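Encoded as structure tokens, the structure appears first; notes follow it.
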Amino acid sequence: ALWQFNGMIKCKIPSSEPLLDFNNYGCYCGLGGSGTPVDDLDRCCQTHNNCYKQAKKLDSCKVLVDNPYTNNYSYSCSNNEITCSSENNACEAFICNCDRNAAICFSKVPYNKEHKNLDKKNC
Ligand SMILES: [Ca+2]
Ligand SMILES: [Cl-]
């Protein structure tokens, strides 16, 4: 769920408020997405978007009427390291991995304020 993703990002980037810093950024960081990523961070979000799309197509995910952003899974942050729980069922585990990968990706790429609240004309 979004609440967990927010926590994961903070786990990797302690100084951030993810739902603010990484929302409405570039062409893919936020709800939906289209076009060519404007930078590596935007690309992290495109990959995350693609991961969610793959998830929704999994047999295990079609069983729950909850979208990836509302589907709660279990994970832990410790020493700024993210660990997806073995107690997660197939769908939740896949989503957890998608979020973990994105959180780590976000923490390894540059952040360009110029792309915050990007004109969707550029997408
Ligand atoms: Ca376009
Ligand atoms: Cl990690």
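Note that chain A carries Swiss-Prot numbering, so the residues on display, from first to last, are 23-145.
We read in the header that X-ray crystallography, 1.9 Å was used to get this structure.
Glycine too: its Cβ is placed from the backbone N, Cα and C atoms.
Bond annotation: of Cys33, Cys118, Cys120, only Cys120 is listed by Swiss-Prot as forming a disulfide with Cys73.
Checking the candidates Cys99, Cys106, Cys145 against Swiss-Prot, the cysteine paired with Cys118 through a disulfide bond is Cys106.
For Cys127, the disulfide partner named by Swiss-Prot among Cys66, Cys67, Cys83 is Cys66.
Of the listed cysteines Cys67, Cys83, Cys99, Swiss-Prot assigns the disulfide bond with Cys33 to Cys99. Which of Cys83, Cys145 pairs with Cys113 is settled by Swiss-Prot: its disulfide partner is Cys83. Rounded to a whole number, the distance between the Cα atoms of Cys106 (disulfide bond) and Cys113 (disulfide bond) is 12 Å. Residues distinguished by a CB atom under 6 angstroms from ligand 1 are absent from the disulfide-bonded residues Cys49, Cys73, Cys99, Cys127.
Considering only the recorded positions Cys49, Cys51, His70, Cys83, the residues lying within 10 A of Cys120 (disulfide bond) on a C-alpha to C-alpha basis are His70.
In this structure, the C-alpha atom of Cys51 (disulfide bond) lies 8 angstrom from that of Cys66 (disulfide bond).
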